[PDB]
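Visitor: Below is the file work-v4.pdb, with PDB, C-alpha atoms.
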ATOM      1  CA  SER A1856     295.707 169.302 251.649
ATOM      2  CA  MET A1857     295.520 169.630 255.478
ATOM      3  CA  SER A1858     292.782 167.292 256.864
ATOM      4  CA  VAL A1859     291.780 166.456 253.182
ATOM      5  CA  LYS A1860     292.886 163.066 251.927
ATOM      6  CA  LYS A1861     292.022 160.677 249.109
ATOM      7  CA  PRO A1862     290.916 157.204 250.228
ATOM      8  CA  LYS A1863     293.887 155.138 251.669
ATOM      9  CA  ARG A1864     295.254 152.634 249.000
ATOM     10  CA  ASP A1865     296.413 149.427 250.779
ATOM     11  CA  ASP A1866     300.260 149.415 250.477
ATOM     12  CA  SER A1867     300.861 146.679 253.126
ATOM     13  CA  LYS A1868     301.742 143.988 250.542
ATOM     14  CA  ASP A1869     303.913 146.246 248.295
ATOM     15  CA  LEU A1870     307.254 145.015 249.830
ATOM     16  CA  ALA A1871     306.390 141.395 249.286
ATOM     17  CA  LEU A1872     305.047 141.962 245.837
ATOM     18  CA  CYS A1873     308.196 144.002 244.688
ATOM     19  CA  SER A1874     310.295 141.066 246.084
ATOM     20  CA  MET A1875     308.333 138.657 243.906
ATOM     21  CA  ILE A1876     308.742 140.758 240.766
ATOM     22  CA  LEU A1877     312.497 141.090 241.456
ATOM     23  CA  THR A1878     312.729 137.245 241.887
ATOM     24  CA  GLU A1879     311.114 136.807 238.497
ATOM     25  CA  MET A1880     313.555 139.336 236.939
ATOM     26  CA  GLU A1881     316.536 137.508 238.662
ATOM     27  CA  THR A1882     315.491 134.146 237.190
ATOM     28  CA  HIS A1883     314.842 135.278 233.589
ATOM     29  CA  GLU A1884     317.338 133.731 231.186
ATOM     30  CA  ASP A1885     318.294 137.238 229.869
ATOM     31  CA  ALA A1886     319.063 138.617 233.369
ATOM     32  CA  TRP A1887     322.832 137.776 233.193
ATOM     33  CA  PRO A1888     324.022 141.325 232.212
ATOM     34  CA  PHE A1889     322.158 142.798 235.208
ATOM     35  CA  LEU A1890     322.725 140.325 238.124
ATOM     36  CA  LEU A1891     325.809 141.974 239.557
ATOM     37  CA  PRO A1892     327.299 145.441 239.462
ATOM     38  CA  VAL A1893     329.383 146.278 236.357
ATOM     39  CA  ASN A1894     333.109 145.934 237.334
ATOM     40  CA  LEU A1895     334.345 149.532 237.220
ATOM     41  CA  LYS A1896     337.995 148.449 237.318
ATOM     42  CA  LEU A1897     337.562 146.181 234.281
ATOM     43  CA  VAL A1898     335.161 148.036 231.976
ATOM     44  CA  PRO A1899     336.721 151.097 230.410
ATOM     45  CA  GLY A1900     334.467 154.128 230.253
ATOM     46  CA  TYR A1901     331.742 152.836 232.651
ATOM     47  CA  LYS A1902     332.684 154.778 235.710
ATOM     48  CA  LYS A1903     332.882 158.156 233.943
ATOM     49  CA  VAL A1904     329.870 157.731 231.693
ATOM     50  CA  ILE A1905     327.237 156.046 233.962
ATOM     51  CA  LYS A1906     326.717 158.405 236.765
ATOM     52  CA  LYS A1907     324.417 156.121 238.801
ATOM     53  CA  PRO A1908     325.253 152.356 238.286
ATOM     54  CA  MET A1909     322.400 150.008 239.314
ATOM     55  CA  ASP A1910     321.988 146.182 239.125
ATOM     56  CA  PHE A1911     319.576 143.517 240.474
ATOM     57  CA  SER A1912     321.792 142.463 243.405
ATOM     58  CA  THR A1913     321.997 146.135 244.597
ATOM     59  CA  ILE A1914     318.190 146.502 244.267
ATOM     60  CA  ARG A1915     317.807 143.235 246.255
ATOM     61  CA  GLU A1916     320.019 144.527 249.063
ATOM     62  CA  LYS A1917     318.223 147.939 249.129
ATOM     63  CA  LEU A1918     314.799 146.191 249.161
ATOM     64  CA  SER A1919     315.790 143.786 251.963
ATOM     65  CA  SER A1920     317.147 146.601 254.196
ATOM     66  CA  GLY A1921     314.291 149.118 253.982
ATOM     67  CA  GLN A1922     315.957 151.522 251.652
ATOM     68  CA  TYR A1923     312.936 151.904 249.320
ATOM     69  CA  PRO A1924     310.384 154.355 250.869
ATOM     70  CA  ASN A1925     307.654 153.355 248.443
ATOM     71  CA  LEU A1926     306.960 151.129 245.369
ATOM     72  CA  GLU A1927     307.758 154.062 242.967
ATOM     73  CA  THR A1928     311.336 154.428 244.186
ATOM     74  CA  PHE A1929     311.719 150.660 243.557
ATOM     75  CA  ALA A1930     310.492 151.020 239.946
ATOM     76  CA  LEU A1931     312.849 153.994 239.397
ATOM     77  CA  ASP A1932     315.899 151.793 240.247
ATOM     78  CA  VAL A1933     314.711 148.885 238.066
ATOM     79  CA  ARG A1934     314.241 151.354 235.131
ATOM     80  CA  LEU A1935     317.703 152.845 235.876
ATOM     81  CA  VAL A1936     319.231 149.416 235.199
ATOM     82  CA  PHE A1937     317.720 149.478 231.689
ATOM     83  CA  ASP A1938     318.422 153.103 231.015
ATOM     84  CA  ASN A1939     322.064 152.562 231.886
ATOM     85  CA  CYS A1940     322.139 149.513 229.625
ATOM     86  CA  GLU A1941     320.788 151.573 226.676
ATOM     87  CA  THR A1942     323.278 154.366 227.406
ATOM     88  CA  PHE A1943     326.300 152.032 227.140
ATOM     89  CA  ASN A1944     325.314 149.206 224.755
ATOM     90  CA  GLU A1945     324.314 149.248 221.104
ATOM     91  CA  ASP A1946     320.715 148.021 220.411
ATOM     92  CA  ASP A1947     322.108 145.376 218.002
ATOM     93  CA  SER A1948     324.186 143.523 220.662
ATOM     94  CA  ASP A1949     323.359 140.599 222.945
ATOM     95  CA  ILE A1950     323.370 142.913 226.009
ATOM     96  CA  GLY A1951     321.413 145.717 224.221
ATOM     97  CA  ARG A1952     318.721 143.123 223.235
ATOM     98  CA  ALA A1953     318.724 141.650 226.760
ATOM     99  CA  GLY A1954     317.968 145.105 228.223
ATOM    100  CA  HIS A1955     315.016 145.741 225.926
ATOM    101  CA  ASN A1956     313.632 142.269 226.625
ATOM    102  CA  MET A1957     313.944 142.696 230.411
ATOM    103  CA  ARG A1958     312.427 146.189 230.437
ATOM    104  CA  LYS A1959     309.348 144.799 228.606
ATOM    105  CA  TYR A1960     309.123 141.862 230.978
ATOM    106  CA  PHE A1961     309.294 144.224 233.956
ATOM    107  CA  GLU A1962     306.757 146.794 232.687
ATOM    108  CA  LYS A1963     304.133 144.044 232.130
ATOM    109  CA  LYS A1964     304.588 142.538 235.566
ATOM    110  CA  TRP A1965     304.447 146.038 237.046
ATOM    111  CA  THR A1966     301.119 146.946 235.295
ATOM    112  CA  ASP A1967     299.579 143.566 236.073
ATOM    113  CA  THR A1968     300.548 143.581 239.762
ATOM    114  CA  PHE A1969     299.710 147.222 240.622
ATOM    115  CA  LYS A1970     297.616 148.978 237.811
TER     116      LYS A1970
END
Hey, can you dump this file as structure tokens for me?
Guide:
Amino acid sequence: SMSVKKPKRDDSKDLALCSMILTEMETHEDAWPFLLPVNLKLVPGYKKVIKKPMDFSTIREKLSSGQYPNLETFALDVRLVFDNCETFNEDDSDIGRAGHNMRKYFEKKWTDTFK
């Protein structure tokens, strides 16, 4: 509350560390469904169904331009990528499997870097 604060957690490396995680996600062999925004002219149903499209290149641009206020807003966008994937793709598909694999990969790196 006013003039009452928990000890200050060092957040000075968070930007660099999120960048490193995102590089590792970009270079994973199962990243290909997520590298670029889904083409809303060429994929029927996407635009109407997925209210907030998100992809790794969009996260990279937001990260590089100071559009994440803290590490939690970064994680929310990464998770959005996988939540959108599950919304639109069957589990038993190459893309559906890719999204589960990448979400697991991400959640481990996240815990190990920050928890």
Visitor: For atom CA of residue 1926 of chain A and atom CA of residue 1944 of chain A, quote the distance in Å rounded to one decimal.
Guide: 27.7 Å
Visitor: Go through segment 1891-1946 of chain A and flag each residue having an atom no more than 10 Å from segment 1960-1970 of chain A; for those, report the closest pair of atoms plus their distance in Å to one decimal, using only C-alpha atoms, ordered by chain and rising number, as CSV.
Guide:
residue,atom,partner,partner_atom,distance
A:1926,CA,A:1969,CA,9.5
A:1930,CA,A:1965,CA,8.4
A:1933,CA,A:1961,CA,8.2
A:1934,CA,A:1961,CA,8.8
Visitor: Name the residues captured by the PyMOL selection byres ((chain A and resi 1902-1914) around 6) when it is applied to the shown file; answer as a list in words.
Guide: residues 1889, 1890, 1891, 1892, 1895, 1900, 1901, 1915, 1916, 1917, 1918 and 1936 of chain A
Visitor: In Å, with one decimal, what is the gap from atom CA of residue 1882 of chain A to atom CA of residue 1954 of chain A?
Guide: 14.4 Å
Visitor: In Å, how far is it from atom CA of residue 1925 of chain A to atom CA of residue 1874 of chain A?
Guide: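 Computing the Euclidean distance for atom CA of residue 1925 of chain A and atom CA of residue 1874 of chain A yields 12.8 Å.
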Visitor: When you count only C-alpha atoms, which of these residues is closest to residue 1953 of chain A: A:1885, A:1923, A:1897, A:1938?
Guide: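 Smallest distance to residue 1953 of chain A is found for A:1885.
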Visitor: Which is closer to residue 1899 of chain A than all the others in A:1887, A:1937, A:1929, A:1943, using all atoms listed in the file?
Guide: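 Among the listed residues, the smallest separation from residue 1899 of chain A belongs to A:1943.
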Visitor: Quick one: of A:1959, A:1935, A:1881, A:1870, who's nearest to residue 1920 of chain A, counting only C-alpha atoms?
Guide: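 Comparing A:1959, A:1935, A:1881, A:1870 against residue 1920 of chain A, the winner is A:1870.
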Visitor: Give me, as a compact mmCIF listing (two decimals) with C-alpha atoms, in the frame of the given file, all polymer residues having an atom no more than 8 Å from segment 1947-1952 of chain A, counting all atoms listed in the file and skipping those fewer than 6 positions away in the same chain.
Guide:
# COMPACT_ATOMS: atom_id res chain seq x y z
CA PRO A 1888 324.02 141.32 232.21
CA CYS A 1940 322.14 149.51 229.62
CA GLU A 1941 320.79 151.57 226.68
